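First up is the structure itself, then whatever we jot down about it.
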Amino acid sequence: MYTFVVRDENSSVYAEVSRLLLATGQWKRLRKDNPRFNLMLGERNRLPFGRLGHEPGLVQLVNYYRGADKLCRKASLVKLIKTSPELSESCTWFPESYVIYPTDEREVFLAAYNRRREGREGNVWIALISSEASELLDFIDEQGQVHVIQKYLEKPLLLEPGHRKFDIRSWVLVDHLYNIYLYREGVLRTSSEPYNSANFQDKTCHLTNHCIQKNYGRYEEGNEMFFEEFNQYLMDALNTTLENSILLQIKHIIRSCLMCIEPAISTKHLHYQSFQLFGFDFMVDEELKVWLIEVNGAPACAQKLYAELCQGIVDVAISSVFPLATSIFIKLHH
Amino acid sequence: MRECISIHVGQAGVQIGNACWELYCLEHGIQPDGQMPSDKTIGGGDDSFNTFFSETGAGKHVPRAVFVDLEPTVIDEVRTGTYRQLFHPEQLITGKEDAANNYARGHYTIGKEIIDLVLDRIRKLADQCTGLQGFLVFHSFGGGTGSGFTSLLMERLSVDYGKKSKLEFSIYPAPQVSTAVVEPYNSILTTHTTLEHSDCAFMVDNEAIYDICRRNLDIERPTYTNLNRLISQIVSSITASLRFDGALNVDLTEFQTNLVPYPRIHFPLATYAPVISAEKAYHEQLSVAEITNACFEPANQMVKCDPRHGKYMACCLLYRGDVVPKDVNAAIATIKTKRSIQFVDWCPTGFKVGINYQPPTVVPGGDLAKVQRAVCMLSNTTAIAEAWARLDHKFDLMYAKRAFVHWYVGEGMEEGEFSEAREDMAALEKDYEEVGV
Amino acid sequence: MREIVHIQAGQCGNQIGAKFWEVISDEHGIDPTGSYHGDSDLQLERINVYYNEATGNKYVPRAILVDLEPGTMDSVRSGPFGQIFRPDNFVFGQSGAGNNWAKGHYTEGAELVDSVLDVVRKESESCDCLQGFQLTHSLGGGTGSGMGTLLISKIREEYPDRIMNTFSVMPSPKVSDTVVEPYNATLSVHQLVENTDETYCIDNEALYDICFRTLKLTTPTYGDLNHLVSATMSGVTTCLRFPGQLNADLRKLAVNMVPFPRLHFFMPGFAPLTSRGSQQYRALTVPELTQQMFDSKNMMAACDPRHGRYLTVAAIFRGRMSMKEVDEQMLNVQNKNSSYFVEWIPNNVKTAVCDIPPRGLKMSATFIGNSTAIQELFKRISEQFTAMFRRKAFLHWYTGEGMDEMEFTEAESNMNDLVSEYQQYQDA
Amino acid sequence: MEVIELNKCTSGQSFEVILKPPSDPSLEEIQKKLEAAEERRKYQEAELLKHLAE
Ligand SMILES: Nc1nc2c(ncn2[C@@H]2O[C@H](COP(=O)(O)OP(=O)(O)OP(=O)(O)O)[C@@H](O)[C@H]2O)c(=O)[nH]1
Ligand SMILES: COc1cc2c(c(OC)c1OC)-c1ccc(OC)c(=O)cc1[C@@H](NC(C)=O)CC2
Ligand SMILES: Nc1nc2c(ncn2[C@@H]2O[C@H](COP(=O)(O)OP(=O)(O)O)[C@@H](O)[C@H]2O)c(=O)[nH]1
Ligand SMILES: [Ca+2]
Ligand SMILES: [Mg+2]
Ligand SMILES: [Mg+2]
């Protein structure tokens, strides 16, 4: 019998993981503040990493990598990509991005905006989306909290029939040994209302968030296109597979991002151990080029895929450390 | 030449004192009876070793050391042991009954009855000093004497010796190495009262030393003899610059200068390599590059924490053995590229290096093997606050229900001192927090 | 702190007390004459604790033998180890206590108490540094129950900064002398709550069941019951009598075991459980020792520890075994059953190993538990009390010695207070 | 990169390597606190002996 704790009740993924663990009969749940655990399913804010691995005669494991917030915050991701030579300013899969504080790189932001202004090419930026620099800067200071200004993808990939926009979510599990496992199933969180090149004020067609959409559910159920259908569409429309056109770049970006932060976060020689599930968010343009949007520390799965992913988490992240009495993941080798 | 007086309080302090002074004698060529054939100036002298040893006309080299315990048992083993002739009886102070794992009993009750006697016997050592610089204090956070009496002594030494520097070697409590339930109380209480009165303090987690003994020496259930002989090796590295000819850490004031910018944040992390088993036949001798790299592994630290998630204020590398500056710089350059070393923005990113050509001396029949080169890193990292957090959480758990508090109150201490001490710790964790992110 | 002064009061007190000295004299290599005839030096290194060095270099137990009746104390003197006790330390009245607390505490006992305290004082003056006192007594009779608790009170006045340690046999209808035992117990518990630092609750019900269910003895005597007590007593005092890793005394034990001054009533335990003479030949593994000592069938107090929670635990493993295996097993019981150990006292289970095994066993384990489940023992006594008291039954035995009904109500109150105080910590 | 403050002898040598530049209670008060704790111990023992006199 192995023991675990649950410290994030709001986590829809790990509520299912604990449910599956109890069902085997070889795992018992303890109270939130019981320090005599094998596994921690910790909280999102202020996780006590300093308290792990100090309890004698217990192997301890947690579902979060300490330090991995440096990849999962919008301000942190830009700072990491710009400073780390493994990514370099010249990164090509990440959109041109700048960090602005409200009351810093404000002079660096306007220097590149002027080159775009003089050349008169596509000059639209996301933070609310606008074409004017001084109109966005006044709205950041109006909010309060610190946010990032990023180059908006003015030439996205269309979906037919519909002339639509989309983002791809891929689920990635990093185990205790720093193996990177990409889940074979992803989701296309689609827009239902057609893309409008002229009117940026409208946000329902430009932003592909699952909350904003809820023409919801016209083309596919709950604005969610799964990997078999999207592969089929690409074969018919563009004469290509998802594997070649998109997935190779996705596999490259995940691997490049996590290899960069390996020496800072790895629990290979530590007193305690860590695994973590990540949500990588991608944007495909008209030329079939893949761009990284955001990384998610506490990602939520789609309804169809909860059962399979959560069982897979138990298989290679939990039972690999605590064994019991086909693989759904593609390993990204390094 | 300025002199240093070592003070050993409680069981842990006395027993570690035994281990250090054993090692010091083997390093300086001093025999169990106190004779040093290599010393040519008989009856005196202002050599580097005279910081830790005084001399008599007879030719005896006597430690500038005072042993204090509230119970006779442990110091009685010093009085009758193999180094009985080394210390003179006036340096070995014992009481009748111990402080029973109670801070308040050691501080207030039995403390009051023995404080004046101890300071009197300390004053006898200070009188033989031509220029006293200060004190090295060896004690445990856990024990009643080790926590209680120590904090009272540290208070009184600040009054009687106002100018002088004070350094701590403190034993942090671990459930893995025979602890009592009330030791989280004793720890918080003593740290609070001592915080103002200590200039630099070297925490040694019993858990870390236990695991190094298990992993690197193949000792399944490490005794105090095992742990202390290891601790002494680390302590010897730290104090080597005070006992030997050199230009780094030559006096106690330099420990503050090189390691402690923020006066409250005075707990540097010690990291040591290599620990190699004597029972290992055929050993691949480690290079400068390999042993400097081992300083940034948490498995080698005196306190288990993660320096990657935190910031540096200072860094000292102390080498013993076959080491040249060229190899040091070459190792640093490679480590800088491959590891997360983040300094605070108001401090230079750098290392102060001290090399001593004489390799570490091994205790004959001990568990440590002879090595060609060894290093001790002293880094003031905000990561060490993890050990405060752990201890504070345990304090919070018991104190919420006022568990054991009556034992402390029953010795004349107020309940108010508990929360007063805990608030200071909440202040301390926050000081580390502001500096650390 | 090294020297302990021992007192044994009444029939039960002297009978279990004589057996204790018999068992530990064997363990230290001391013959009935008092001469040392052992092989190991370790047997003599901490012999100061229980023995005074006598002329001719003979050892004399630091024990005072007390009864209001000459009967039981005459049996001790003409018993197996009888000659070992200092003859001046035999302090006896004549009339007996007739199973009456009031006779023990107020009338007959009051006459003899000063005679006892003189001997207690004389043994104290010989002590280099007096650690504290231990009492063996029952709570159901008159002498041990009444006079014992009187002696404790009077010792606390003369030595207010010294540890009071008691081995207190609890009464049960299953092994019963008189109907008035719940009255005598309830009056005594009030005293133990206020005037002792550590009380080992030795329940006669539990000792009966161990003899009947486990040891397979159909009709157990007081001798059968006492074998279990002397084995437990030897076990709990192992770290005091023998050198080991532990630099510990009774005060240190009180500090760490008692989180709140009133809740100082412990559940003792022993593994493996054995009958006199005929004992098992098969060696017990460390996993079996740990499994047994935590099981309720091995507990000396008739409480189910599953009905409560452990505040603090202490364990003493005796014999030559793997200390790593001990640690692994001890942490296994904690990490499997962490809902029965308080989360608000971290690392509340402590283990000590002594190399010297007891007579007739290769390895053994002794258990000390401060569990909230001990309330069930006091609730039992409290129910039996009320059954008679609500009808003021048998009270004339006590009122005839000048006691008032008020005192009974107050004693019942303080016990129901103790029980609800144990209930306070069983939930949150 | 820069190796400053180099000092040598027979015993060893020491130096500094910069990689990147930057961007009390009295005797009277101790006697007071200790004696206030003796008074609380005295008071608690006096309350005990008063209770035992009752
Ligand atoms: N590393 C090390 N730790 C020790 C040693 N002796 C005791 N300890 C630790 O110190 C704590 C207990 O403190 P002690 O020094 O034994 O107690 P004391 O200072 O003598 O105080 P009292 O005995 O309560 O009067 C525990 O956490 C032990 O693990 C030792 O020789 N080496
Ligand atoms: C002389 O007899 C004993 C005395 C003590 C202890 C003990 O249990 C092993 C004894 O054996 C019965 C011991 C008690 C319990 C504690 O756990 C709650 C503790 O923290 C602490 C301990 C003891 N300390 C250690 C490191 O075990 C100190 C007091
Ligand atoms: N375990 C045990 N209990 C006893 C023994 N002798 C008497 N008792 C119990 O003690 C109670 C009677 O007290 P007793 O000691 O005879 O009275 P006293 O002589 O006035 O102290 C009853 O509950 C008995 O069951 C004994 O040898 N062993
Ligand atoms: Ca000289
Ligand atoms: Mg001690
Ligand atoms: Mg009887």
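Segment C:4-28 and segment B:152-177 have their alpha-carbon centroids 46 Å apart. Measuring nothing but how far apart in sequence close Cα pairs (under 8 Å, 6+ apart) lie, relative to its length, chain B scores a relative contact order of 16 percent.
Our note on the geometry: Cα centres of segment A:1-71 and segment B:306-354, 35 Å apart. Electrostatic bookkeeping for C:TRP344 treats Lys and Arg as +1 and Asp and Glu as -1; over the other residues with beta carbon under 15 Å from its beta carbon, the sum is +2. FRET efficiency for the A:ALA23 to A:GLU220 pair, using the beta carbon distance and R₀ = 35 Å, is estimated at 0.65.
A straight chain from C:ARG276 to C:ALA393 at 0.36 nm per residue would run longer than the Cα-Cα distance by 38.1 nm. Would segment A:1-63 count as rounded, prolate or oblate if I go by the C-alpha gyration tensor, calling it rounded below 1.5 in a/c and otherwise prolate when a/b exceeds b/c, oblate otherwise? Because a/c hits 1.5 or more and a/b fails to exceed b/c, segment A:1-63 counts as oblate. Give the shape of segment C:1-259 as rounded, prolate or oblate, defined through the alpha-carbon gyration tensor: a ≥ b ≥ c are the square roots of its eigenvalues, a/c under 1.5 means rounded, and otherwise the shape is prolate if a/b is larger than b/c and oblate if not. Cα axes put segment C:1-259 in the rounded bin. Tally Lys and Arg at +1 and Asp and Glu at -1 over the other residues with C-beta under 12 Å from the C-beta of C:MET330: what net charge comes out? Here the charged neighbours net out to 0.
Note on C:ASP114 and C:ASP355: the model spin-label points, each 7 Å out from Cα along the C-beta direction, lie 5.2 nm apart. For segment B:26-79 and segment A:253-292, what is the separation of their C-alpha centers, rounded to whole Å? So the separation of the two Cα centres works out to 59 Å.
Bridgeable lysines around C:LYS58 (alpha carbons under 23 Å apart, same-chain partners fewer than 8 residues away excluded): C:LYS19, C:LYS122. Cross-link partners for C:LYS379 among the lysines, with Cα-Cα distance under 26 Å and sequence neighbours closer than 8 places in the same chain left out: B:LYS401, C:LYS103, C:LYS174, C:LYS297, C:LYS392.
Residue exposure proxy: A:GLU43, B:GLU423, B:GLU55, ordered by other Cβ atoms within 10 angstrom of their Cβ from fewest to most, comes out as B:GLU423, A:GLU43, B:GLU55.
Helix content alone sets the calculated 222 nm mean residue ellipticity of chain A: runs of n ≥ 4 DSSP H residues at -39500 (n - 2.57) each, divided across all residues, give -7500 deg cm²/dmol.
Evaluated at q = 0.14 Å⁻¹, the base-10 log of the normalised Debye intensity for chain A, with identical point scatterers placed on the Cα atoms, takes the values -1.22. Which part of segment B:189-229 falls in the paramagnetic zone of B:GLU297, meaning amide N under 17 Å from the point 7 Å along Cα-to-beta-carbon? Backbone N within reach: B:208-219. Dipole magnitude for segment A:96-154: computed about the Cα centre from +1 point charges on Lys and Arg Cβ and -1 point charges on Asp and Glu Cβ, it is near 220 debye.
Take the Cβ atoms of B:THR223 and C:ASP295, set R0 to 45 Å, and the FRET efficiency comes out at 0.90. Pull up the DSSP beta bridges for segment C:159-268 and report the antiparallel fraction as a percent, rounded to 5. Within segment C:159-268, antiparallel bridges account for around 10 percent of the total. For D:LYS8, the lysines whose Cα falls under 19 Å of its own Cα, not counting residues fewer than eight places away in the same chain, are B:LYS326, B:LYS352. Loop-located chymotrypsin sites (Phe, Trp or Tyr not before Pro) across segment B:244-332 with a Cβ neighbour count of 15 or fewer within 10 Å are B:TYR282, with loop assigned by DSSP. Pull out a ≥ b ≥ c, the square roots of the eigenvalues of the alpha-carbon gyration tensor of segment A:208-259, then state rounded if a/c is under 1.5, prolate if not and a/b is larger than b/c, and oblate in the remaining case. Since a/c reaches 1.5 but b/c is at least a/b, the shape of segment A:208-259 is classed as oblate. Sorting B:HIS393, C:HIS396 from the fewest to the most surrounding beta carbons within 10 angstrom yields C:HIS396, B:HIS393. Annotation for B:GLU429 and A:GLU160: the two label points, set 7 Å from Cα along the Cα-Cβ direction, are 6.1 nm apart.
Other protein chain C-beta atoms within 10 Å of residue C-beta, averaged over A:45-54: 4. If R0 is 30 Å, the Cβ-Cβ spacing of A:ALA75 and A:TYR195 corresponds to a FRET efficiency of close to 0.60. Look at the alpha carbon pairs under 8 Å that are at least 6 residues apart: their mean separation over the length of segment A:1-63 gives a relative contact order of 40 percent. For chain C, the relative contact order is 16 percent, taking Cα pairs closer than 8 Å that sit 6 or more residues apart in sequence and dividing their mean separation by the residue count.
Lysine pairs, Cα distance under 19 Å, 8 or more residues apart or cross-chain: how many in segment B:1-268? Counting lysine pairs in segment B:1-268 gives 6.
Put a dot 7 Å past the Cα of A:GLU228, heading toward its Cβ, do the same for C:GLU157, and the two dots end up 9.2 nm apart.
Each of A:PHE227, A:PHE166, B:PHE141, A:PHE275 was scored by other Cβ atoms within 10 Å of its Cβ. Listed from fewest to most, they are A:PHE227, A:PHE166, A:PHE275, B:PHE141. Using only side-chain charges placed at the Cβ, +1 for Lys and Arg and -1 for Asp and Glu, the dipole size of segment C:109-215 relative to its Cα centre rounds to 260 debye.
Ideal geometry is used to build each Cβ from the backbone, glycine not excepted, and the neighbour counts take in all protein chains shown. All of the numbers you see were taken from the coordinates with simple rules; none came from a lab.
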